[PDB]
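Here the structure comes first, spelled out in structure tokens, and everything after it is commentary.
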Amino acid sequence: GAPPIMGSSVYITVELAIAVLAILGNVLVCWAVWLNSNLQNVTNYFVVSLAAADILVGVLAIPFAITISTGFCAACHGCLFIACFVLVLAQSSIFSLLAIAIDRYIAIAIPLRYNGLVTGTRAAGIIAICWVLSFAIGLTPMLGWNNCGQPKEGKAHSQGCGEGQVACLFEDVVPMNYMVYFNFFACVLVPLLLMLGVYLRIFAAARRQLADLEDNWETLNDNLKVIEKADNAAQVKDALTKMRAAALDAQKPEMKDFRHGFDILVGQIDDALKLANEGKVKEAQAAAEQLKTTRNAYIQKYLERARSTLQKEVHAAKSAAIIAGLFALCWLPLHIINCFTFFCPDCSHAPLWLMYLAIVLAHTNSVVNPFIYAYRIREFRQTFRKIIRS
Ligand SMILES: CC(C)CCC[C@@H](C)[C@H]1CC[C@H]2[C@@H]3CC=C4C[C@@H](O)CC[C@]4(C)[C@H]3CC[C@]12C
Ligand SMILES: CC(C)CCC[C@@H](C)[C@H]1CC[C@H]2[C@@H]3CC=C4C[C@@H](O)CC[C@]4(C)[C@H]3CC[C@]12C
Ligand SMILES: CC(C)CCC[C@@H](C)[C@H]1CC[C@H]2[C@@H]3CC=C4C[C@@H](O)CC[C@]4(C)[C@H]3CC[C@]12C
Ligand SMILES: CC(C)CCC[C@@H](C)[C@H]1CC[C@H]2[C@@H]3CC=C4C[C@@H](O)CC[C@]4(C)[C@H]3CC[C@]12C
Ligand SMILES: CCCCCCCC/C=C/CCCCCCCC(=O)OC[C@H](O)CO
Ligand SMILES: CCCCCCCC/C=C\CCCCCCCC(=O)OC[C@H](O)CO
Ligand SMILES: Nc1nc(NCCc2ccc(O)cc2)nc2nc(-c3ccco3)nn12
Ligand SMILES: CCCCCCCC/C=C/CCCCCCCC(=O)O
Ligand SMILES: CCCCCCCC/C=C/CCCCCCCC(=O)O
Ligand SMILES: CCCCCCCC/C=C/CCCCCCCC(=O)O
Ligand SMILES: CCCCCCCC/C=C/CCCCCCCC(=O)O
Ligand SMILES: CCCCCCCC/C=C\CCCCCCCC(=O)O
Ligand SMILES: CCCCCCCC/C=C\CCCCCCCC(=O)O
Ligand SMILES: CCCCCCCC/C=C\CCCCCCCC(=O)O
Ligand SMILES: CCCCCCCC/C=C\CCCCCCCC(=O)O
Ligand SMILES: CCCCCCCC/C=C\CCCCCCCC(=O)O
Ligand SMILES: CCCCCCCC/C=C\CCCCCCCC(=O)O
Ligand SMILES: CCCCCCCC/C=C\CCCCCCCC(=O)O
Ligand SMILES: CCCCCCCC/C=C\CCCCCCCC(=O)O
Ligand SMILES: CCCCCCCC/C=C\CCCCCCCC(=O)O
Ligand code: NA
């Protein structure tokens with residue numbers, strides 16, 4: 001039995017290293033949003049709430065985790081607070097991650113009502129509400145779902161604890177049925193699966209909208225060819241009728257030129273339709289050839305801009321999804337071990353070294369988001385560079 005202070009020293013040193021890095025990187029995130037107005041939008045207010053949770057992992061939850069690893073004598077309800085506060089921060093992170101996903105879904109599904117629906121003022125009230133809910137969920141053991149009524153009195157006496165005190169150890173005070181059914185299944189797993197469903201909807205909506213843009217374009221170019229090889233006024237008329245509906249369909253500084261572009265296009269379709277309906281096939285076909293000028297000078301530019309805007313939303317949603325996936329990857333090992341402890345009382349408990357490895361992996365999640373923003377989001381990377389240089 002090696003002196004406990006040796007493995008303790010390794011664990012604590014690693015925790016302190018993670019705390020340092022979590023504070024530094026997430027303070028940098030908050031400083032970038034505060035300073036750069038191109039980063040001040042509703043999405044990034046949830047990003048800052050998430051960075052605040054991660055700063056508090058470094059400032060409070062890691063010092064608390066170091067403390068509870070010692071099994072020090074404590075009043076049981078004080079022990080519960082330092083065991084459960086990290087659950088508040090994890091719960092807050094979950095709400096922020098779900099909000100980021102929903103925000104991006106609203107942006108890609110209804111971009112015309114996004115700015116009217118999702119405002120800074122409503123985001124700050126959602127954030128406040130979510131922090132209150134996170135305290136209620138993470139500190140639910142303090143409302144009475146705890147093991148303080150059944151203290152491990154032999155362990156308390158062996159350590160010389162005083163009356164009313166327990167050896168402060170996570171699995172002695174926090175019930176495992178709370179950890180598995182309430183904290184993990186209800187409060188973590190279900191929101192993460194909801195997030196997964198929202199991201200699937202985002203990527204499907206993007207794929208569908210890019211397919212629609214390409215379809216409208218091909219319909220435009222195919223019907224031009226229909227008109228070119230029609231042999232009567234009625235065929236020209238039918239192809240132009242369709243083109244007119246599609247152009248109006250697609251019509252739903254750069255905005256002035258693209259509105260001007262579609263105005264010309266509808267006007268030119270209308271000129272060609274009138275000629276067709278007068279039975280003037282050749283005149284109608286020549287009028288339709290003028291549509292190629294508008295297609296080259298305006299419609300193609302609209303198509304390329306619309307595509308590039310959707311491709312940026314896909315890239316941005318992938319970045320946010322990577323962050324949600326990394327939260328799941330860093331926290332799942334600990335939840336899964338708790339499931340074994342709880343559901344398999346005939347299995348030997350996960351060994352101590354694995355418990356602490358899973359705890360430090362969960363804490364490491366508070367380090368990683370600044371790196372994802374730096375690597376995947378030019379505007380953050382550039383603001384980070386400017387802050388670090390100045
Ligand atoms: C806003 C921030 C800076 C304040 C942080 C206050 C923290 C450190 C305080 C608030 C409540 C305190 C706990 C309340 C009661 C107990 C039980 C006692 O037997 C041992 C200490 C212990 C477990 C305290 C540890 C320190 C503690 C967690
Ligand atoms: C989220 C991804 C990375 C999956 C991680 C899976 C990890 C957490 C799984 C894979 C194999 C698992 C171990 C398999 C066997 C045992 C022996 C049993 O007596 C205690 C639980 C314990 C020690 C399990 C702990 C959880 C475990 C380590
Ligand atoms: C989408 C995925 C990641 C959801 C997470 C799946 C979790 C809930 C699954 C993955 C592996 C599962 C464990 C695999 C094996 C055992 C040992 C058995 O004696 C009791 C149940 C128990 C302990 C399972 C509990 C639930 C479990 C931890
Ligand atoms: C990508 C890198 C950082 C992952 C690091 C994984 C390391 C830290 C993990 C993987 C295997 C683990 C070891 C596996 C077995 C034991 C034996 C045990 O009696 C003491 C702890 C010890 C020695 C573990 C310490 C932590 C450990 C070394
Ligand atoms: C964003 C990237 C992730 C951030 C990562 C933050 C820091 C984590 C590194 C820790 C290694 C520290 C050295 C650990 C060496 C210990 C080896 C050892 O001897 O283990 C003893 C054993 O555990 C006794 O039981
Ligand atoms: C023995 C003790 C039992 C205790 C059981 C506790 C139940 C938790 C309930 C409320 C905590 C509220 C905490 C305050 C949350 C602050 C929210 C906030 O500051 O949000 C900022 C906002 O973003 C600005 O725009
Ligand atoms: N099971 C558990 N244990 C601990 N710490 C104690 C590790 C341990 C477990 C058993 C033992 O005999 C001695 C120590 N922290 C823990 N944190 C969590 C957690 C937080 C969020 C999800 O799970 N679970 N968890
Ligand atoms: C896509 C779905 C993702 C996962 C959702 C469902 C998770 C359900 C997990 C259930 C594990 C229940 C384990 C019960 C073990 C009983 C042990 C015993 O009876 O001795
Ligand atoms: C993503 C899901 C992956 C699932 C992996 C396979 C899980 C099925 C394994 C069940 C293992 C059951 C082992 C229980 C052993 C102890 C039984 C006992 O003595 O009570
Ligand atoms: C996706 C992960 C898949 C990993 C491999 C899955 C295989 C898991 C196998 C579990 C076998 C458990 C055997 C337990 C024997 C116990 C003896 C007994 O209880 O009588
Ligand atoms: C992503 C899901 C991965 C979850 C882990 C999958 C591996 C599941 C294997 C479990 C094996 C449990 C072995 C039982 C050990 C004790 C046997 C006994 O005492 O009866
Ligand atoms: C994944 C991030 C890097 C992880 C490196 C892991 C090394 C440190 C973590 C665990 C080592 C095990 C030491 C635990 C000793 C028991 C703790 C205690 O009882 O005080
Ligand atoms: C860029 C570097 C910034 C500062 C990095 C600091 C990294 C080291 C952090 C913590 C190490 C503390 C070591 C204390 C050992 C105590 C173990 C014990 O008390 O038993
Ligand atoms: C000094 C005592 C108070 C400590 C409270 C710490 C809470 C977490 C720290 C910072 C989170 C709030 C930072 C928000 C600043 C940026 C806001 C914005 O980007 O518009
Ligand atoms: C335990 C003592 C400290 C506990 C602090 C917990 C409360 C955290 C409160 C605020 C951090 C959230 C900051 C969110 C800023 C986003 C709002 C916005 O940008 O408009
Ligand atoms: C806060 C996020 C939203 C919460 C939604 C919760 C919906 C409920 C989902 C999962 C709860 C899991 C219930 C498992 C019950 C088994 C209990 C038992 O048999 O002892
Ligand atoms: C959707 C995420 C998880 C699904 C929500 C519901 C939770 C999983 C479904 C059933 C789990 C029930 C586990 C309890 C079985 C008996 C427990 C026991 O005997 O100890
Ligand atoms: C499109 C590639 C351009 C390369 C530079 C990147 C510019 C910005 C790109 C995407 C913005 C990503 C926004 C994702 C929201 C993150 C929210 C979160 O999950 O925390
Ligand atoms: C419990 C685990 C759930 C974790 C949720 C993590 C967030 C989901 C992340 C990615 C899912 C989306 C995968 C589909 C990719 C399509 C991309 C594309 O069309 O270009
Ligand atoms: C990112 C990597 C994801 C990998 C998920 C799966 C990891 C677990 C895989 C194998 C572990 C299986 C251990 C089975 C132990 C059986 C012990 C026994 O029989 O008692
Ligand atoms: Na977090």
Side-chain angles (χ1 to χ4, degrees), residues 18-19 22-23 26-27 29-30 33 42-65 67-68 77-103 118 120-146 170 173-196 198 320 323-332 334-335 338 359 361-369:
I18 294 164
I23 289 162
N26 289 289
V27 162
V29 167
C30 294
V33 173
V42 157
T43 317
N44 287 345
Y45 303 151
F46 295 108
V47 161
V48 168
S49 183
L50 181 60
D54 287 333
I55 294 176
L56 291 172
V57 166
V59 170
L60 289 175
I62 281 170
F64 288 3
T67 301
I68 203 170
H77 292 85
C79 175
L80 284 175
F81 180 75
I82 62 166
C84 293
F85 183 68
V86 64
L87 307 179
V88 177
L89 302 178
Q91 199 61 42
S92 180
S93 297
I94 282 160
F95 285 135
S96 291
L97 292 164
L98 178 57
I100 292 168
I102 290 166
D103 178 72
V118 190
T121 281
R122 293 172 197 165
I126 295 172
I127 289 165
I129 286 167
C130 285
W131 274 100
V132 171
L133 297 175
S134 298
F135 272 92
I137 287 158
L139 303 182
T140 276
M142 296 189 77
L143 308 181
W145 194 355
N146 59 62
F170 187 92
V173 301
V174 183
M176 203 56 91
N177 51 17
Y178 163 88
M179 287 304 299
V180 168
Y181 290 136
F182 189 101
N183 193 269
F184 181 35
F185 289 180
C187 290
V188 172
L189 197 52
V190 161
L192 288 172
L193 295 167
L194 289 173
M195 277 174 236
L196 173 60
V198 172
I323 293 205
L326 285 172
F327 180 98
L329 168 60
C330 294
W331 284 95
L332 277 171
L334 198 47
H335 289 293
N338 286 339
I359 289 164
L361 172 62
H363 293 166
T364 299
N365 188 61
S366 291
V367 179
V368 303
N369 302 345

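This chain uses plain numbering: 1 for the first residue, then up along the sequence. Side-chain atoms are counted along with the backbone in the values below, which use heavy atoms only and exclude waters and symmetry mates.
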- Atom pair CD1 (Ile359) and CD1 (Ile62), whose distance is rounded to the nearest 0.5 Å: 11.0 Å
- Message: Between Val47 and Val29, is the side chain to side chain contact (heavy atoms under 4.5 Å, CB included) condition met? List the steps.
- Response: CA-CA 8 Å; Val47 161; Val29 167; 3.8 Å; yes
- Determine whether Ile94 and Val188 make a side-chain contact, defined as any pair of heavy atoms from C-beta on separated by less than 4.5 Å. yes
- Check ring pair (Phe, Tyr, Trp, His ring centres under 6.0 Å) between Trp331 and all other residues, then give those that pass, not counting sequence neighbours. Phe327
- Item | side chain to side chain contact (heavy atoms under 4.5 Å, CB included) assessment of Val42 paired with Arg122 | CA-CA 9 Å; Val42 157; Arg122 293 172 197 165; over 6 Å; no
- How are the rings of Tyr178 and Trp145 set relative to one another: parallel (under 30°), tilted (30 to 60°) or perpendicular (over 60°)? perpendicular
- Task: Kindly give the heavy-atom pair with the smallest separation between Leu50 and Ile323, and that separation in Å.
- Result: CD2-CG2, 4.2 Å
- Query: Is there side-chain contact between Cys30 and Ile55, with at least one heavy-atom pair below 4.5 Å?
  - Reply: yes
- Item | Interatomic distance, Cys79 atom SG to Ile68 atom CD1 [nearest 0.5 angstrom] | 4.5 Å
- Task: Determine the minimum heavy-atom distance between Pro141 and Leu80, stating which atoms define it.
- Result: O-CD1, 3.8 Å
- Message: Taking the side chain as everything from C-beta on, heavy atoms only, tell me whether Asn338 gets closer than 4.5 Å to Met176.
- Response: yes
- Taking every heavy atom of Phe64 against every heavy atom of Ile82, the minimum-distance pair comes out as CB-O, 3.6 Å
- Item | Distance (rounded to the nearest 0.5 Å) between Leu189 CG and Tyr181 OH | 13.5 Å
- Kindly indicate whether the side chain of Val180, heavy atoms from C-beta on, has any atom under 4.5 Å from the side chain of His335. no
- Query: Are the side chains of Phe135 and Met142 in touch, meaning some heavy atoms are under 4.5 Å apart?
  - Reply: no
- Task: Compare all side-chain heavy atoms of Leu196 with those of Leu192 and state whether any distance is below 4.5 angstrom.
- Result: no
- Message: Ring centres under 6.0 Å, that's the criterion: do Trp131 and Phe95 meet it?
- Response: no
- d(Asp103 CG, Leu98 CG) to nearest 0.5 Å is 11.0 Å
- Distance col, row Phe182:CZ vs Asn177:CG, nearest 0.5 angstrom, shows 11.5 Å
- Minimum heavy-atom distance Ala19-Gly58, with the two atoms named: CB-O, 3.6 Å
- Item | Heavy-atom pair with the smallest gap, counting every atom of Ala22 and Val367 | N-CG2, 3.9 Å
- Query: Considering all heavy atoms of both residues, which atom of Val198 and which atom of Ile102 are nearest to each other, and what is their separation?
  - Reply: CG1-N, 4.1 Å
- Which distance, rounded to the nearest 0.5 Å, do you find between the CG of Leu89 and the CG of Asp54? 8.5 Å
- Apply side chain to side chain contact (heavy atoms under 4.5 Å, CB included) to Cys130 and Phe46, showing your working. CA-CA 11 Å; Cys130 285; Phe46 295 108; over 6 Å; no
- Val174 and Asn146: CA distance, side-chain angles, deciding distance, side chain to side chain contact (heavy atoms under 4.5 Å, CB included) verdict: CA-CA 5 Å; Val174 183; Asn146 59 62; over 6 Å; no
- Message: Would the distance check show the side chain of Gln91 and the main-chain N or O of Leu133 forming a donor-acceptor pair, the cut-off being under 3.5 Å?
- Response: no
- Message: Within the structure provided, determine whether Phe81 and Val88 are in side-chain contact (heavy-atom separation under 4.5 Å).
- Response: no
- Query: Are any of the side-chain heavy atoms of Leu87 and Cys84 separated by less than 4.5 Å?
  - Reply: yes
- Item | For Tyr45, ring pair (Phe, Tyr, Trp, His ring centres under 6.0 Å) partners two or more places apart | none
